[PDB]
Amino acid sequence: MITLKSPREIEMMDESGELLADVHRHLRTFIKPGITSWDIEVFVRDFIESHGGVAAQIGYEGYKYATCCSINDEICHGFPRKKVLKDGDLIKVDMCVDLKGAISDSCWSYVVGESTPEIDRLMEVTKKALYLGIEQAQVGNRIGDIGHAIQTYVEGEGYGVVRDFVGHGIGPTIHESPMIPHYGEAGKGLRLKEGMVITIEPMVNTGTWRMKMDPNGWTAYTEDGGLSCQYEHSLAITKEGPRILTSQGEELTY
């Protein structure tokens, strides 16, 4: 149930991740005030599919979309909808790609139009946090090292680290064991081994880390109305150290 991938599998997951990365790159100019999150769904789904892939979230546990679009105080699992995006919206776009059977997952945050100081700071903290996480993903370190790197940094900046959602393994589906919490204690619990493929995907809130659920069973809101932010990568645990499968270019450049 935690499967270890072979070099060839990892390779294909890397090719899957390049297509998803490429969708993210194209989102940088497509996302603007006046579009809806439904337009993002349509565009992402057409891009993945016209390049041979399958949007792996469709049918996952009944989910119907290629994408999650979580706006502002929505933390994760927002539905793309025909609601107009505005100046100042912070939208997290989550998508998964299955390219010839190989899975990649990656959520990236975008600010729509003119940003604010509050949003520029939150996004830069969340993204740093992802990368501090990824640093801890070495063969031999343990899963709690990843949570401890993230929580210490996020909390030191004044923010809450969501707790109710966590990273996970990937391959052969979009969501496998093991769990990767984004808070925790260095040196605990499960040990990372070569050939694991996982996501790191901290969700960071400006105020409490607590959430409430929408009636739809999927979408989560911050409990206090603070903005929430997420960045995610898929990565392979290797002897060389973490190989980021969904990289969009040079790290922290984007």
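Start at 1 with the first residue shown and count on from there.
Participant: Taking the mean of the C-alpha B-factors per stretch from the entry, tell me the winner out of 56-64 and 221-229.
Facilitator: Comparing averages over the C-alpha atoms only gives 56-64.
Participant: Do the C-alpha atoms of 160-168 or of 67-75 have the higher average B factor in the entry?
Facilitator: According to the entry, 160-168 carries the higher average C-alpha B-factor.
Participant: Splitting the chain's C-alpha B-factors into thirds, which one does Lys128 fall into?
Facilitator: It falls in the middle third of the chain.
Participant: Please rank the C-alpha B-factors of the chain's modelled residues and tell me whether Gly144 sits in the lowest, middle or highest third.
Facilitator: It falls in the top third of the chain.
Participant: Split into thirds by Cα B-factor across the chain's modelled residues, where does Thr199 land: lowest, middle or highest?
Facilitator: According to the entry, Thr199 has a C-alpha B-factor in the chain's lowest third.
Participant: By its CA B factor, does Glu185 count among the lowest, middle or highest third of the modelled residues in the chain?
Facilitator: As the PDB entry reports it, the C-alpha B-factor of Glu185 lands in the highest third of its chain.
Participant: How does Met179 rank on Cα B-factor within its chain, lowest, middle or highest third?
Facilitator: Tercile = highest for this residue's CA B-factor.
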